[PDB]
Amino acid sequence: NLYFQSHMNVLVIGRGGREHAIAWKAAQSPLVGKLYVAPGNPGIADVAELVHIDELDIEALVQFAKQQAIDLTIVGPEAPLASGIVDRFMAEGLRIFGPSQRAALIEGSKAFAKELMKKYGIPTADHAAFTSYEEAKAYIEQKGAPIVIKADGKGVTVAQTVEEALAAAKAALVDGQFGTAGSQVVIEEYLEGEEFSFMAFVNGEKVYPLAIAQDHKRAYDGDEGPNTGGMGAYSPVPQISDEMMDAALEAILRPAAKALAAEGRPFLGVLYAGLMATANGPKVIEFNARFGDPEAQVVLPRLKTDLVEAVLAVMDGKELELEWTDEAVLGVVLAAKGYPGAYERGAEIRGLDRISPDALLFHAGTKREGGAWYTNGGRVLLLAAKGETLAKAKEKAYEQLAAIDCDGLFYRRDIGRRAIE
């Protein structure tokens, strides 16, 4: 079907498991000649050449890319995007998949995203910020309870009653941090239902849906403890109906891409909708402007289509249908004890050699030294397995995980548990 230029040098920006997953996929493309990741990490060195340049060193990255004749740059994390790498690259004539600074604002500013979804009729949790008690009060009292109250400067209360919400909102203003605008309180609609991650390739108004993943954000078994970058994920997600999926594509993803374009911020890249499946249909929690982590590690193994060709087709504004395997994929994050708090580095990791070769081991935060492996970051590794069903992928993933010994790491035993229940 689609022809593109073969023997294309590709650069991936980032250092994590998402970027291990995007490099591992890229390396399998019949289109790719040379594959660099800047800065990557020692498990990524197995699939790609590492480049010792920071993600935020935009001028070095531009100079590296001109000089090593990079045909495609794919940006992993959001900070480079929020800093204008795409803008710099385009002005230099370098081809890049990722949003402009102005488009990436959809993730950077939750206020801006709320503002855009309100103006364009996009379903989401109601959101409002106040520096006045009396105005906070009058608003809490129209909206009623349960209600989220958020204090700046733990400070998140899901107030079960109106009286509690007011007590919490009053405290937020009296004890929260005094910014240059005074103290402020954030009030949000509480939503119930099942969370899901809906990513799509986007170029302007053109939206190309990926598979649907579910992430597990809480640190501990039974969705306990604080929130994290994500402790595991799987795809597909059988308890989210096709109808909910289509509602979210037509009432959320397609209108956000339009809204960004209508505001003179067209988006190019991965638009990642963090969603709730409510009784009333799907509702935005947040938007992200790039692949989710650990969502990329579980979605990208299911993609049949060549990843580099799909990116090029998207950048060209070409027609494309993405093809996916029937097999489910589930992934478990091993994190350094203490994460998402203060965590210890430098614990020896044994047993990486013992893992079956069809297991997918995505390095996020490891170091290699004197021929051994050590923890070096909050999320350290993700192990995913494929399975004919979700339960089989769950079984495979956990069985393989147990080959790893590290007294400095922990992981959730309940990834996927509800979905199989």
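Don't overthink the numbering: it's just position in the shown sequence, from 1.
Engineer: Would you say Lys154 goes unmodelled in a third or more of the other compared entries?
Structural biologist: Yes, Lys154 lacks coordinates in at least a third of the other compared entries that model both of its neighbours.
Engineer: If you count the residues of the deposited sequence that sit between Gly179 and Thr180 but have no coordinates, do you get none, 1 to 3, 4 to 9, or 10 or more?
Structural biologist: Count of unmodelled residues in between: none.
Engineer: Quick check: 99 to 107 versus 190 to 198, which has the larger average CA B-factor in the record?
Structural biologist: Comparing averages over the C-alpha atoms only gives 190 to 198.
Engineer: Using only C-alpha atoms and the B-factors in the entry, which stretch averages higher, 282 to 290 or 123 to 131?
Structural biologist: Looking at the record's C-alpha B-factors, the answer is 123 to 131.
Engineer: Checking the entry, which one of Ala384, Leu56, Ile44, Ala391 has the top C-alpha B factor?
Structural biologist: When the deposited C-alpha B-factors of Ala384, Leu56, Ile44, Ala391 are compared, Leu56 is largest.
Engineer: Just the C-alpha B-factor column, please: which of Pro255, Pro236, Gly144, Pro301 has the biggest number?
Structural biologist: If I rank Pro255, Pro236, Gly144, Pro301 by C-alpha B-factor, first place goes to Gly144.
Engineer: Going by the entry, which third of its chain does the Cα temperature factor of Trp373 land in?
Structural biologist: Middle third of the chain for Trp373's C-alpha B-factor.
Engineer: Based on the deposited C-alpha B factors for this chain, I'd like to know if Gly33 is in the lowest, middle or highest third.
Structural biologist: According to the entry, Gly33 has a C-alpha B-factor in the chain's highest third.
Engineer: Consider only the C-alpha atoms of the modelled residues in this chain, order them by B-factor as the entry records it, and name the third containing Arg15: lowest, middle or highest.
Structural biologist: Ranked within chain, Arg15 CA B lands in the middle tercile.
Engineer: Just say lowest, middle or highest third for the CA B-factor of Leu360 relative to the other modelled residues in its chain.
Structural biologist: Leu360: CA B-factor falls in the lowest third of its chain.
Engineer: Quick check for you: using the entry's CA B-factors within this chain, is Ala23 in the lowest, middle or highest third?
Structural biologist: For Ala23, whose C-alpha B-factor we compare with every modelled residue in the chain, the answer is the middle third.
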